[PDB]
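As stored in work.cif (mmCIF, N, CA, C and O atoms and all ligand atoms):
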```
data_my_file
loop_
_atom_site.label_atom_id
_atom_site.label_comp_id
_atom_site.auth_asym_id
_atom_site.auth_seq_id
_atom_site.Cartn_x
_atom_site.Cartn_y
_atom_site.Cartn_z
N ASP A 16 -0.88 51.64 -20.44
CA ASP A 16 0.36 52.21 -19.86
C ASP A 16 0.42 51.97 -18.36
O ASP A 16 -0.35 52.54 -17.61
N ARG A 17 1.33 51.14 -17.94
CA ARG A 17 1.45 50.85 -16.49
C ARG A 17 0.08 50.53 -15.89
O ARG A 17 -0.56 51.39 -15.31
N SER A 18 -0.33 49.30 -16.03
CA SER A 18 -1.65 48.91 -15.47
C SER A 18 -1.51 48.46 -14.03
O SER A 18 -0.67 47.65 -13.70
N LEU A 19 -2.35 49.01 -13.18
CA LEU A 19 -2.30 48.64 -11.73
C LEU A 19 -3.51 47.80 -11.35
O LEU A 19 -3.86 46.86 -12.04
N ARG A 20 -4.12 48.15 -10.25
CA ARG A 20 -5.31 47.38 -9.80
C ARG A 20 -6.24 48.27 -8.97
O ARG A 20 -6.31 48.16 -7.76
N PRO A 21 -6.93 49.15 -9.65
CA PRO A 21 -7.87 50.08 -9.00
C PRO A 21 -9.07 49.34 -8.42
O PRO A 21 -10.00 49.95 -7.92
N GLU A 22 -9.04 48.04 -8.50
CA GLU A 22 -10.17 47.25 -7.96
C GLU A 22 -9.97 46.96 -6.48
O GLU A 22 -10.90 47.01 -5.70
N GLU A 23 -8.75 46.67 -6.12
CA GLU A 23 -8.46 46.38 -4.70
C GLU A 23 -8.77 47.59 -3.84
O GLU A 23 -9.15 47.46 -2.69
N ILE A 24 -8.62 48.75 -4.42
CA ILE A 24 -8.90 49.98 -3.65
C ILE A 24 -10.35 50.00 -3.18
O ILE A 24 -10.64 50.42 -2.08
N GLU A 25 -11.23 49.53 -4.02
CA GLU A 25 -12.66 49.51 -3.63
C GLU A 25 -12.89 48.47 -2.55
O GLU A 25 -13.55 48.73 -1.57
N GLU A 26 -12.34 47.30 -2.77
CA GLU A 26 -12.51 46.23 -1.76
C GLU A 26 -11.88 46.64 -0.44
O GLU A 26 -12.42 46.40 0.61
N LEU A 27 -10.73 47.26 -0.53
CA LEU A 27 -10.05 47.69 0.71
C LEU A 27 -10.91 48.69 1.46
O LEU A 27 -11.16 48.55 2.64
N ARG A 28 -11.35 49.68 0.74
CA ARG A 28 -12.21 50.71 1.38
C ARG A 28 -13.32 50.06 2.20
O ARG A 28 -13.59 50.47 3.31
N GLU A 29 -13.94 49.07 1.63
CA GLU A 29 -15.03 48.39 2.37
C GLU A 29 -14.47 47.65 3.58
O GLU A 29 -15.06 47.65 4.64
N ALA A 30 -13.34 47.02 3.39
CA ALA A 30 -12.73 46.27 4.51
C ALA A 30 -12.23 47.23 5.58
O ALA A 30 -12.47 47.03 6.76
N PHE A 31 -11.55 48.26 5.15
CA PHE A 31 -11.04 49.24 6.14
C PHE A 31 -12.18 49.83 6.91
O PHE A 31 -12.05 50.18 8.07
N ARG A 32 -13.29 49.92 6.26
CA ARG A 32 -14.48 50.50 6.94
C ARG A 32 -15.26 49.43 7.66
O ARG A 32 -15.52 49.54 8.84
N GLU A 33 -15.65 48.41 6.93
CA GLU A 33 -16.43 47.32 7.58
C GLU A 33 -15.81 46.99 8.92
O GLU A 33 -16.46 46.47 9.81
N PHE A 34 -14.55 47.30 9.04
CA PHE A 34 -13.84 47.02 10.31
C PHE A 34 -13.74 48.29 11.14
O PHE A 34 -13.70 48.24 12.35
N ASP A 35 -13.71 49.43 10.46
CA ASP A 35 -13.62 50.72 11.19
C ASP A 35 -14.91 51.52 11.05
O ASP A 35 -14.89 52.71 10.81
N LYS A 36 -16.02 50.84 11.22
CA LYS A 36 -17.32 51.55 11.10
C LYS A 36 -17.47 52.57 12.22
O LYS A 36 -18.26 53.49 12.11
N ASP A 37 -16.72 52.39 13.27
CA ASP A 37 -16.81 53.35 14.40
C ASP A 37 -16.64 54.78 13.91
O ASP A 37 -16.90 55.72 14.63
N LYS A 38 -16.21 54.91 12.69
CA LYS A 38 -16.01 56.27 12.11
C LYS A 38 -14.80 56.98 12.74
O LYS A 38 -14.90 58.10 13.19
N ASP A 39 -13.67 56.29 12.73
CA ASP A 39 -12.44 56.89 13.32
C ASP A 39 -11.43 57.20 12.22
O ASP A 39 -10.60 58.08 12.37
N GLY A 40 -11.51 56.47 11.15
CA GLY A 40 -10.56 56.71 10.03
C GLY A 40 -9.21 56.05 10.33
O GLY A 40 -8.23 56.30 9.66
N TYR A 41 -9.18 55.22 11.34
CA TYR A 41 -7.91 54.54 11.70
C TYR A 41 -8.16 53.16 12.29
O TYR A 41 -9.09 52.97 13.04
N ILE A 42 -7.31 52.22 11.93
CA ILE A 42 -7.47 50.84 12.45
C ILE A 42 -6.21 50.41 13.19
O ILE A 42 -5.13 50.87 12.89
N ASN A 43 -6.37 49.56 14.16
CA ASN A 43 -5.19 49.10 14.92
C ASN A 43 -4.62 47.84 14.28
O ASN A 43 -5.35 47.02 13.76
N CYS A 44 -3.33 47.70 14.33
CA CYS A 44 -2.70 46.49 13.72
C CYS A 44 -3.42 45.22 14.17
O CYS A 44 -3.17 44.15 13.66
N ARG A 45 -4.29 45.36 15.14
CA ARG A 45 -5.03 44.17 15.62
C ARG A 45 -6.06 43.75 14.60
O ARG A 45 -6.03 42.65 14.10
N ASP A 46 -6.96 44.64 14.30
CA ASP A 46 -8.00 44.31 13.30
C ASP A 46 -7.35 43.86 12.01
O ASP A 46 -7.81 42.94 11.37
N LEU A 47 -6.29 44.54 11.63
CA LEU A 47 -5.58 44.17 10.38
C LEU A 47 -5.51 42.68 10.20
O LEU A 47 -6.14 42.14 9.33
N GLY A 48 -4.72 42.04 11.02
CA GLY A 48 -4.60 40.56 10.91
C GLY A 48 -5.95 39.95 10.57
O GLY A 48 -6.05 39.05 9.76
N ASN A 49 -6.97 40.48 11.19
CA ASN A 49 -8.32 39.95 10.92
C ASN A 49 -8.89 40.57 9.64
O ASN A 49 -9.64 39.94 8.94
N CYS A 50 -8.51 41.80 9.36
CA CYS A 50 -9.04 42.45 8.13
C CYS A 50 -8.22 42.01 6.93
O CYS A 50 -8.73 41.88 5.83
N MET A 51 -6.97 41.79 7.17
CA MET A 51 -6.07 41.36 6.08
C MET A 51 -6.46 39.97 5.60
O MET A 51 -6.47 39.70 4.41
N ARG A 52 -6.77 39.10 6.53
CA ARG A 52 -7.15 37.73 6.14
C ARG A 52 -8.53 37.73 5.47
O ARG A 52 -8.73 37.09 4.46
N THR A 53 -9.44 38.45 6.05
CA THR A 53 -10.80 38.50 5.47
C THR A 53 -10.81 39.38 4.22
O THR A 53 -11.78 39.43 3.50
N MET A 54 -9.72 40.06 4.00
CA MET A 54 -9.64 40.94 2.81
C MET A 54 -9.19 40.18 1.57
O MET A 54 -9.68 40.41 0.49
N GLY A 55 -8.25 39.28 1.74
CA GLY A 55 -7.77 38.51 0.55
C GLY A 55 -7.29 37.11 0.94
O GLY A 55 -7.06 36.28 0.09
N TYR A 56 -7.14 36.88 2.21
CA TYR A 56 -6.67 35.54 2.63
C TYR A 56 -5.44 35.14 1.80
O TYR A 56 -5.53 34.34 0.90
N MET A 57 -4.32 35.73 2.13
CA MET A 57 -3.09 35.40 1.37
C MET A 57 -1.78 35.65 2.18
O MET A 57 -0.83 34.91 2.04
N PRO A 58 -1.76 36.70 3.00
CA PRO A 58 -0.56 37.01 3.79
C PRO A 58 -0.28 35.93 4.83
O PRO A 58 -0.99 34.94 4.90
N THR A 59 0.74 36.13 5.61
CA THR A 59 1.07 35.13 6.65
C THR A 59 0.31 35.39 7.94
O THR A 59 -0.74 36.01 7.93
N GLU A 60 0.85 34.90 9.03
CA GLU A 60 0.19 35.10 10.34
C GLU A 60 1.19 35.67 11.34
O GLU A 60 1.06 35.50 12.54
N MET A 61 2.18 36.34 10.82
CA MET A 61 3.22 36.93 11.69
C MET A 61 4.12 37.85 10.88
O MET A 61 5.01 38.50 11.41
N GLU A 62 3.92 37.84 9.59
CA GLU A 62 4.74 38.71 8.73
C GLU A 62 4.01 40.03 8.55
O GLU A 62 4.60 41.09 8.69
N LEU A 63 2.74 39.94 8.23
CA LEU A 63 1.97 41.19 8.05
C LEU A 63 2.13 41.99 9.31
O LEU A 63 1.92 43.18 9.35
N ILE A 64 2.50 41.28 10.32
CA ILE A 64 2.71 41.87 11.63
C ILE A 64 3.92 42.80 11.57
O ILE A 64 3.84 43.97 11.90
N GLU A 65 5.03 42.24 11.14
CA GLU A 65 6.27 43.05 11.03
C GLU A 65 6.01 44.31 10.23
O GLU A 65 6.64 45.32 10.44
N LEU A 66 5.09 44.22 9.31
CA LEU A 66 4.78 45.40 8.50
C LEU A 66 4.06 46.44 9.34
O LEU A 66 4.45 47.59 9.39
N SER A 67 3.01 46.01 10.00
CA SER A 67 2.26 46.97 10.84
C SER A 67 3.15 47.50 11.96
O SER A 67 2.82 48.45 12.63
N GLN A 68 4.27 46.84 12.14
CA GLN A 68 5.21 47.28 13.19
C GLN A 68 6.09 48.36 12.62
O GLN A 68 6.40 49.32 13.28
N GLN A 69 6.50 48.18 11.40
CA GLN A 69 7.35 49.20 10.79
C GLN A 69 6.61 50.52 10.85
O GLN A 69 7.20 51.57 10.97
N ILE A 70 5.29 50.43 10.78
CA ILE A 70 4.47 51.64 10.83
C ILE A 70 4.88 52.51 12.01
O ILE A 70 4.88 53.72 11.94
N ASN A 71 5.23 51.86 13.08
CA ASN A 71 5.65 52.60 14.28
C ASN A 71 6.70 53.66 13.95
O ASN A 71 7.03 54.49 14.77
N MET A 72 7.22 53.60 12.75
CA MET A 72 8.25 54.60 12.36
C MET A 72 7.59 55.94 12.01
O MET A 72 8.22 56.81 11.45
N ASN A 73 6.33 56.06 12.35
CA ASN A 73 5.62 57.33 12.05
C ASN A 73 4.51 57.59 13.07
O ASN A 73 4.68 58.37 13.98
N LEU A 74 3.40 56.92 12.91
CA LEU A 74 2.29 57.11 13.86
C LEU A 74 2.55 56.36 15.15
O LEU A 74 2.99 56.93 16.13
N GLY A 75 2.26 55.08 15.13
CA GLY A 75 2.49 54.26 16.36
C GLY A 75 1.34 53.27 16.60
O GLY A 75 0.72 53.28 17.65
N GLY A 76 1.07 52.43 15.63
CA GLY A 76 -0.03 51.44 15.81
C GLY A 76 -1.35 51.99 15.25
O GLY A 76 -2.41 51.68 15.76
N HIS A 77 -1.25 52.78 14.23
CA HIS A 77 -2.48 53.35 13.63
C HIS A 77 -2.28 53.58 12.15
O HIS A 77 -1.43 54.35 11.75
N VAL A 78 -3.06 52.89 11.36
CA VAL A 78 -2.94 53.04 9.89
C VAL A 78 -4.17 53.71 9.29
O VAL A 78 -5.29 53.46 9.69
N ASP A 79 -3.91 54.56 8.35
CA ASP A 79 -5.02 55.27 7.68
C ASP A 79 -5.31 54.54 6.40
O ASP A 79 -4.48 53.78 5.94
N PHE A 80 -6.46 54.73 5.83
CA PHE A 80 -6.74 54.00 4.58
C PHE A 80 -5.55 54.08 3.63
O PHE A 80 -5.44 53.29 2.70
N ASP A 81 -4.68 55.02 3.88
CA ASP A 81 -3.50 55.15 3.00
C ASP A 81 -2.46 54.11 3.36
O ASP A 81 -1.97 53.40 2.50
N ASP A 82 -2.13 54.01 4.63
CA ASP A 82 -1.13 53.01 5.02
C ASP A 82 -1.73 51.64 4.83
O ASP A 82 -1.07 50.72 4.39
N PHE A 83 -2.98 51.54 5.16
CA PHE A 83 -3.69 50.26 5.01
C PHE A 83 -3.45 49.74 3.61
O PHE A 83 -3.12 48.58 3.41
N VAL A 84 -3.62 50.62 2.66
CA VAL A 84 -3.41 50.22 1.26
C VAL A 84 -1.92 50.04 1.00
O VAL A 84 -1.51 49.21 0.21
N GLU A 85 -1.13 50.83 1.69
CA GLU A 85 0.34 50.74 1.52
C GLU A 85 0.89 49.50 2.21
O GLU A 85 2.01 49.09 1.95
N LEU A 86 0.10 48.91 3.08
CA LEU A 86 0.58 47.70 3.78
C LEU A 86 0.10 46.45 3.06
O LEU A 86 0.65 45.38 3.23
N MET A 87 -0.93 46.60 2.26
CA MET A 87 -1.46 45.44 1.50
C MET A 87 -0.92 45.41 0.07
O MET A 87 -1.07 44.44 -0.64
N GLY A 88 -0.28 46.49 -0.31
CA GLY A 88 0.28 46.56 -1.69
C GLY A 88 1.62 45.79 -1.83
O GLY A 88 1.93 45.28 -2.89
N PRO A 89 2.40 45.72 -0.76
CA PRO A 89 3.68 45.02 -0.79
C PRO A 89 3.50 43.51 -0.97
O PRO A 89 3.74 42.97 -2.03
N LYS A 90 3.07 42.85 0.08
CA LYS A 90 2.88 41.38 -0.01
C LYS A 90 1.43 41.03 -0.33
O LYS A 90 0.52 41.49 0.33
N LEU A 91 1.25 40.21 -1.33
CA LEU A 91 -0.13 39.81 -1.72
C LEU A 91 -0.16 38.35 -2.16
O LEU A 91 0.75 37.58 -1.93
MG MG A 101 -11.21 53.34 15.22
#
```
Representation of the structure as structure tokens:
Amino acid sequence: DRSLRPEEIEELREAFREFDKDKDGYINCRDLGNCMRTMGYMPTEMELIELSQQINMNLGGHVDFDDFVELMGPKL
């Protein structure tokens, strides 16, 4: 019934962390481009950007493992 992909969640967690080991729980749209590519190597090089920009409609350049996953769930 409605099959998703609970596997990417595990890989993301490691990427969101492997990049945010500082123990902050938040990453800057900067690492993303680098974490997004090393995470699946599939997005563009200026589009994932527009996404991390839309984020500004709430926090302001800071994504939580939740947005991180919400930003990688759209384009893949
Ligand atoms: Mg941090």
* To do: Just list the residues in chain A DSSP gives helix (DSSP H, G or I) on the backbone, as an MDAnalysis selection string.
  => chainID A and resid 21:34 44:55 62:72 80:87
* Asked: Mind listing the residues within 7 Å of ligand MG 101 (chain A), all atoms listed in the file counted, as a ChimeraX atom specification?
  -> /A:34-43
* Distance query 8 Å from (-0.4, 52.7, 10.0) using only N, CA, C and O atoms, result as a list in words ->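 Every residue inside that radius is included here: residues 41, 42, 43, 44, 66, 67, 68, 69, 70, 71, 73, 74, 75, 76, 77, 78, 79, 80, 81, 82, 83 and 86 of chain A.
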* Between atom N of residue A:87 and atom N of residue A:16, measure the distance and give it in Å to one decimal. =>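 Between atom N of residue A:87 and atom N of residue A:16 the gap is 23.3 Å.
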* Point-to-point distance from atom N of residue A:28 to atom CA of residue A:50, Å rounded to tenths ->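 Taking atom N of residue A:28 as the start and atom CA of residue A:50 as the end point, the length is 10.6 Å.
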* Provide the atom CA of residue A:21 to atom CA of residue A:85 distance in Å, to one decimal place. => 13.4 Å
Excluding stretch 57-59 of chain A and its own-chain neighbours fewer than 4 positions away, which residues fall within 6 Å of it when counting all atoms listed in the file? Please give them as a tab-separated table (two decimals) with N, CA, C and O atoms, in the frame of the given file.
```tsv
chain	number	residue	atom	x	y	z
A	51	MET	N	-6.97	41.79	7.17
A	51	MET	CA	-6.07	41.36	6.08
A	51	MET	C	-6.46	39.97	5.60
A	51	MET	O	-6.47	39.70	4.41
A	52	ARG	N	-6.77	39.10	6.53
A	52	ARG	CA	-7.15	37.73	6.14
A	52	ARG	C	-8.53	37.73	5.47
A	52	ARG	O	-8.73	37.09	4.46
A	63	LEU	N	2.74	39.94	8.23
A	63	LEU	CA	1.97	41.19	8.05
A	63	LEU	C	2.13	41.99	9.31
A	63	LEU	O	1.92	43.18	9.35
A	90	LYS	N	3.07	42.85	0.08
A	90	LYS	CA	2.88	41.38	-0.01
A	90	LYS	C	1.43	41.03	-0.33
A	90	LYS	O	0.52	41.49	0.33
A	91	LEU	N	1.25	40.21	-1.33
A	91	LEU	CA	-0.13	39.81	-1.72
A	91	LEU	C	-0.16	38.35	-2.16
A	91	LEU	O	0.75	37.58	-1.93
```
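Ranking A:49, A:17, A:88, A:32 by their shortest atom-to-atom distance to residue A:61, with only C-alpha atoms included, puts A:49 first.
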